[PDB]
Each structure stands twice: as structure tokens, then as C-alpha cells.
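Results of the structural survey
What follows is the residue order along each chain.
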Amino acid sequence: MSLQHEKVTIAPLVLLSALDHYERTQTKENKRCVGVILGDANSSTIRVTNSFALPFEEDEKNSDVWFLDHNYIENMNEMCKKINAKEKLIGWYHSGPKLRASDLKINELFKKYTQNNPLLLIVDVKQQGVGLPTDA
Amino acid sequence: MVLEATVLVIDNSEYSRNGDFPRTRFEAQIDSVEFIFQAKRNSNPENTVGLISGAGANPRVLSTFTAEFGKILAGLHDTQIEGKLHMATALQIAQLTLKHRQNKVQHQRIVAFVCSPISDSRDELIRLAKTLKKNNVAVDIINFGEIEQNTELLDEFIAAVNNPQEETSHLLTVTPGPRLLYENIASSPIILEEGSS
Amino acid sequence: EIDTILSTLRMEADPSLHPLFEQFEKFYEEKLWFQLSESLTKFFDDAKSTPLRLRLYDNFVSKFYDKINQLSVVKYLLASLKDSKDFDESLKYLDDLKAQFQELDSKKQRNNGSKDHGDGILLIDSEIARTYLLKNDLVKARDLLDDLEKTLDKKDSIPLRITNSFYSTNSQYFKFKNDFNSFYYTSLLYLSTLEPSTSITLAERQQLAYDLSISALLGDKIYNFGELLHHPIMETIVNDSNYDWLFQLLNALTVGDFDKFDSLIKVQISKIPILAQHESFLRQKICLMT
Amino acid sequence: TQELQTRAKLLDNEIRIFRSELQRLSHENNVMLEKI
Amino acid sequence: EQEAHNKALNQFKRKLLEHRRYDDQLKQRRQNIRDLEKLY
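Residues numbered from 1 in each chain as written, not as in the entry; some residues may be left out. Chains lettered and ligands numbered in written order. Part of a larger assembly, values for the part shown. Heavy atoms only, no water.

**What about the interface of chain D and chain E?**
Basically, it comes down to this: Note on contacts: a residue pair is in contact if any heavy atoms of the two residues lie within 4.5 Å. Two parts lose some accessible area (1.4 Å probe) when they are put together, and adding that loss for both gives the buried area. Each reported salt bridge corresponds to a side-chain nitrogen of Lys or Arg within 4 Å of a carboxyl oxygen of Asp or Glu.
Listed as interface residues are 20 residues of chain D and, on the opposing side, 16 residues of chain E. Taken together, the two surfaces of chain D and chain E that pack against each other cover about 1,900 Å², and 71% of this comes from carbon and sulfur. For the chain D face of the interface with chain E, the top three residues by lost area are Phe18, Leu22 and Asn29 of chain D, together amounting to 27%. At the junction of chain D and chain E, the tally comes to three salt bridges.

So this is what it looks like as C-alpha cells:
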């Protein structure tokens, strides 16, 4: 939608959050996690301020099979807009380890929510990267 | 119906616009969805219903388990008719939708409207059929899109599912010619259906 | 009423083209709106050659439009005015259809709940622009294209067929003005994104292929030969008569041999009146390339 | 006298389509108020 | 009367008159959502 997404700044709190979410759903070792990333947008610097785990089921027999609980993402958003209006839906994080072609489909579902282009932040929670374990 | 959660799959393939049921079949199906939901609520208040799509490449959760016709109809009021059935993908997902539940004593049932022939290998659906039945998911087909322009291959699949389960699968045949879609469904078992429980 | 129109069409049609006509009557009746669209689709694709189209289209477009996809309605109208060599006719039918879509959306949007109708808008305007270019009312055409471009950018994505139709019109205008570089560049975009509709035939590849090759030959900066080969246009066909001599010019450039190039071009100078007068360009081009 | 009957069935179905629409619009007012 | 289409009309009159009403209710409700959005 919006095309202003020239820079991405990342709070360290986000990073901390992404591992936390991974372990509380008890997803591990090629079980995936999708959460919403909240923050500012329609602005050059996308400022990822926060993230929050969502209901997610992962199927290994068919990789194009997953669950997301669509209603929940709406609801949670409603609460946080009341806490702070500056937070808005800005996309979704994946835990990696890698990008997939299923993440394209997933993108599409978040696109509906988002009035920006959905930002896919690949946080590798394992941090195997020598440098940046985070790609945007 | 007592202690039951039934996800309705609405399928709004490109054969949904076919005017076989007045005025169109698509609008005939809204009337059908309202018909099923009010009847099951009044009978038992612990009956719950969610609304998912069979259409598009990847299904969409429009609604969760509810005893609210408002929640179901809001999602229904805006939906595409250029999506397409992908039955095989849909079957495995419906089960996942069903894990969350008002309470676990409620059964696992899918009622699925069918407006088009299968779009998948016939052989695969037999294998998926038998994966559903271990976990006791039974699937009742209101059939009317398969027998428009293709032969009925659904009978094989309904036989495969059928095992001692919380509810049994059913084949209920509804003639695609004019008769009003809600009207056939009211005369068919929808609450006169039964299980092995 | 309509049945009388169907009978006229069948009598003039071939036995082989009888079953397409017979499918329109039954499916309409049966209210299978899926097959009503399918039968029709087959017809317009190839039986657009035949005058059969005039009687069947216009009647069906003006009567029973509401039933089928809107996209399918405008696709037939496109086919009818392809072969039409009248511009009064062309302009009339467009203005009429546009009015009909406007009404249609009042009911349809609620009924389905979701269903786009903005597809038909853009295509109508793209067709109208083009009508004016051939009539050589170039100025009208210019501003309609510009407006489409603005509109289009508000949308994140459109169909392949929508951007292929924008591009086609724009490429036509550029070869008219003999802006050779811009014709070729916009033509590349057209090939990549191309309509899944099979209106594009082998003869339509050939027609487009002579112009694309001419524009790049007379250039001094166009070096997109590798992209050209890989694109459908030259991919499927190389073994026609147009692609005998013309493709050898093309090869001769790539291998950077001037002795061969000289030999071919002299013969081609009598035969081709474009190459007769642009001798200076052809030699400059080969020099810069090597 | 035939046409009025045949027309009565078309209007009967129109009763139901109107009534479903109305219910959604009543639901929407209720939802908007709580947030106010 | 004996004639049963005589009785039949009386039902058809009510359907027609309810239809006019359901349209008026429909417009007004749509208006009302709008007003609440302006407050909101």
C-alpha cells in the first residue's frame, strides 16, 4: 500500500520478546511461530516497537497447512490501541530459521489487516548468524 | 443439537453464482446458513458454530465458535465468489479449527456445502478421509455441485470415513434443479442425523 | 425472441461450429451461469474471425450480461471490435456498456457481498483511447492514458490482462509517433506480463516481431537481445519467412561480423523501404556493439 | 388472477432477505455504542 | 366469497405494505450507524 519503508529500526525489546514467545508456546526444533509486530508506519523509518505471540498450529505433513486464529489478532489489537494509540498492526514476525514460500501465503492474510505493506521480520531466535540474526 | 460443535464450510466457487436456486445460489446459501444456525441454537444452547471458507487457495477463519447469528452473518455479508474449492487442503485445516472449543465434551462435526466437483486427486481424499476418522471427525456432505456436470465420486469417500466415531458421516443428496437450497436442507436430516454415541 | 437470433447463427455456421451455438441456448435455460460463460469464451477466441460475432455478442452483451462475470462481458466486446474496421461502431458500443456496469454494481455488490467491477472500467477507457489514436486524434488519447496511469498506482495489484491492455495501447501510440526507443521498452513489459487469453496467436507474434526488431536495429543504445529471445514472441517461432532474413540481421549483430552484415543489408535495402532510408543507423549500431 | 399468485411467491422470499439484512444493521449499532 | 382469490389478496396487501416499511427501516438504520461514527 504505502511505499515508505526505506529504513527499519528495531528496539532490543523486540528481540527479547521473540525468543520469549517461542518458548511459551513450546514450539521448538522446526516448529514455527508467527506473531504480530506493532509499531509506527506510513513513515520512512518503520519503527518496530513491540511483538506479541498469536495462536498458531504448524503441520509438517502439508507445509501449506497451518492455523491462525484470525479473530484474535483483531481483538488484541483493539486492547493495545487503548493502551497506546501509536501502535498499529504493521505485519508479522517469523522465527525462521529460514524464509519459505508458505510465508508468502501467510503474508497475504496479514495484508488485509495492514494499511501498510506487512513487514516480515525474520528473527532467528536461535541466533546462528555470525552478525545480525535478524533480516527485514 | 446437544453438545456439538459444527464448523460450517461455505464454498463459493465460481459455480456459486449459478442461478439454479432462485434468485442466485449464492444468496440461497445465506438463507441456508441462517436456517441451520438458528435451529441448532434453539434446540441446545451449548451447540456452537464457526464459519470457515473452502474457497480461495488457503482457507480463512471468518468466525470462531459462537451462539451468535450476528457474528456469523457479519462475516458472511462480505465474501468473494471467485475463490475455488480445494477440498484436500480444507479437510486437514478444519480439524485444526476444531481444537479450540467451548468445552471438549462437544463433538467434532463438519457440515460442508458443496457447489462444485472435486478439484483434487480422488485417491488422496480417501487417504485423508481415514486420517480424520481416528480423531473421530465426521463429515456430512450436502451434495449438489458434484452432480451438475460430473459423476458422483463422493460415495467412496463417505464409506471410508464411516467407522464408530462421535458422529457418523452422511451423504444427503439434493437435486441441483430448482427447489430452493434452504428448503431441501430443512427436509433433509440436519438435526434428524445421528451418530454411534 | 432470442431463439430466432440463435437459429440464424446456426444456419450460417458450419456443422463444426453448430455445438457451440446449441450450448448457449440450453445453458442459459438451465441457469448454469458457469457453463453459460464457458461456452461463450470458446466462441469469441477464434470464431471472432467469422461475422457470427456481431449478432451473438451485441444481443448477449445488451441482454444477459448480469449473469456472467463482468470480465467475460468486456472480453467479448474486445473480440468483436478487433476485427471491426468501423470506428463509429466502436465508439458507440463502449459508451453503452459503461453505463450498464454503473447500474449493475448497485445490486451486485451486496448480493455476492464482494465482487469487483472496477476491472471493466479501466479496460473500457484503454479501448476508447486506442480508438482515438487510430482516428489520429492523438491528443485525446494522450490524456486518457495519463489518467489511467494515476488511477492504477492507487491499486496495489491488478490482473495480468489489465496491465497488458494498458501497455498495448501505449506501445501503439509510440510506434505512431516513431519514438522507436519508447515503443520497444514498453513492448518488453507487454511480453513479460502477457494476457493468459489465447487471442495472441502465431501471426500476432509475427506482426509485433517486425516492429520490435526494426526499433532496436536503428537504435545505438538498445542491447536487450538476450531478453528478446527468451520471450514468447521469438521463442516459439523463428522458422517463418519474416524470421529468416530479419533474424539473420539480428545474429550478425551478436557475432559482430560486418562482412556478413554488409552482404544481407544491400538485398534488404530494395525490399524494405524502412531500411533503404535508414542506412546510416544500421552501420553505426554494429560499430558501437563490437 | 394467476399473475398475482406467482408474484406472491417472489415477494415471500423478499421478506426473508430483508429480515436478515436488518438484523446485521441492528447488531452494528449495538457494537458501536459500547466503544463510545 | 366462495372464491378463494378474494381472500388471497388480503394476505398479498400486507406483504406489499411490509415491504415498503422494511425499506424505510433499512435506510434509517444505515443513517444511524453513520451518526454514531461522527460521535465516535
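**Let's talk about the interface of chain B and chain D**
As a reminder of what qualifies: Definition of a polar contact: a pair of N or O atoms within 3.5 Å, with one able to donate and the other able to accept a hydrogen when the atoms are protein atoms, and with sequence-neighbouring residues admitted only if both atoms are side-chain atoms. To qualify as a helix, a DSSP run of H or I must reach at least 4 residues; to qualify as a strand, a run of E must reach at least 2; elements of each kind are numbered from the N terminus.
Listed as interface residues are 13 residues of chain B and, on the opposing side, eight residues of chain D. Both sides together, the interface formed by chain B and chain D hides about 970 Å², and carbon and sulfur atoms give 53% of it. Where chain B meets chain D, there are one salt bridge. One salt bridge connects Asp31 of chain B with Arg16 of chain D, and the closest N-O pair in it is separated by 3.5 Å. Applying the counting rule to chain B against chain D returns two residue pairs in polar contact. Broken down by secondary-structure element, the contributors of at least two residues to the side of chain B that touches chain D are α1 (25–43) and α2 (69–76) of chain B. Per-element accounting of the side of chain B that touches chain D gives the leading share, five residues, to α2 of chain B.

**Points about the packing of aromatic side chains**
Just so we agree on the cut-off: A pair of aromatic rings is counted whenever rings of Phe, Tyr or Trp (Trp by its six-membered ring) have centres within 6.5 Å, and the orientation is called stacked for planes under 30 degrees apart, edge-to-face for over 60 and tilted otherwise. Think of it in three bands: residues with accessible area under 20% of the maximum for their type are buried, residues over 50% are exposed, and the middle band is partly exposed, with areas taken using a 1.4 Å probe on protein chains only.
Counted according to the given criterion, the structure contains 17 aromatic pairs over all chains. Ring centres of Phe21 of chain B and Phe144 of chain B lie 6.2 Å apart, and the angle between their planes is 75°; on these two criteria the pair is classed as edge-to-face. Note that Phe21 of chain B is positioned in the loop between β1 (4–10) and α1 and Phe144 of chain B in the loop between β5 (138–143) and α5 (154–161), a separation of 123 residues in sequence. For the pair shown, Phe21 of chain B and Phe144 of chain B are each scored as buried. With a centroid separation of 5.8 Å and an interplanar angle of 90°, the aromatic rings of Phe60 of chain C and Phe64 of chain C are classed as edge-to-face. Accessibility classification places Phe60 of chain C together with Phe64 of chain C in one group, the buried group. Ring-pair connections join several aromatic residues into one group, and the members of that group are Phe21, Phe24, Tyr28, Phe43, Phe44, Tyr57, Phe60, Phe64 and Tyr76 of chain C.

**A few points about the side chain of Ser2 of chain A**
Note that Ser2 of chain A resides in the segment before β1 (7–10). Not counting residues up to four positions away in its chain, the partners in contact with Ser2 of chain A are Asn42, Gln115, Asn116 and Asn117 of chain A.

**Considerations on the sheet that holds strand β3 (residues 61–66) of chain B**
Residues and elements named next belong to chain B. Basically, it comes down to this: When DSSP finds two or more bridges between two strands, those strands count as paired. Only C-alpha atoms enter the line fits that serve as axes; for helices the fit covers just the stretch in contact. Angles between N-to-C directions range over 0 to 180 degrees.
One open sheet holds the six strands; their spatial order is β3-β2-β1-β4-β5-β6, and the pairing between them is mixed. Strands at the two margins of the open sheet, each flanked by one partner only, are β3 and β6 (170–173). Neighbour to neighbour, the strand axes of the sheet diverge by 15° on average, direction disregarded.

**Let's talk about a nonpolar patch on the surface**
All names here are of chain A. Test applied: In this scheme, patches are assembled from residues that exceed 30% relative accessible area and form no salt bridge. Like charges are connected within 9 Å, while nonpolar side chains (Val, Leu, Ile, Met, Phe, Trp, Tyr) are connected within 5 Å. Computed with a 1.4 Å probe, the accessible areas rest on the Shrake-Rupley method; for each residue, only the protein chains presented here act as cover.
Taken together, the side chains of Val8, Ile10, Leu13, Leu15 and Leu16 define a hydrophobic patch exposed on the protein surface, amounting to about 410 Å² of accessible area. When contributions to the nonpolar patch are tallied by element, the ones reaching two or more residues are β1 and α1 (12–24). Relative to the helices and strands, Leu16 resides in helix α1.

**Points about the environment of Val8 of chain A**
Residue and element names in this part refer to chain A. Examined against the element boundaries, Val8 turns out to sit in strand β1. In this structure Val8 comes out as partly exposed when scored by relative accessible area, which is 30%. Taking the C-alpha atoms as reference points, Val8 and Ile73, 65 residues apart in sequence, are found 23 Å from one another. Beyond its immediate sequence surroundings of up to four residues, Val8 is in contact with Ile46, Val48, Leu119 and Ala136.

**What about the environment of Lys108 of chain C?**
Residues and elements named next belong to chain C. Positionally, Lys108 belongs in helix α6 (residues 87–112). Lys108 sits 157 residues away from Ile265 along the chain, and the two C-alpha atoms are 60 Å apart. Contacts of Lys108, omitting those with residues within four sequence positions, involve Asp66, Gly113 and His117.

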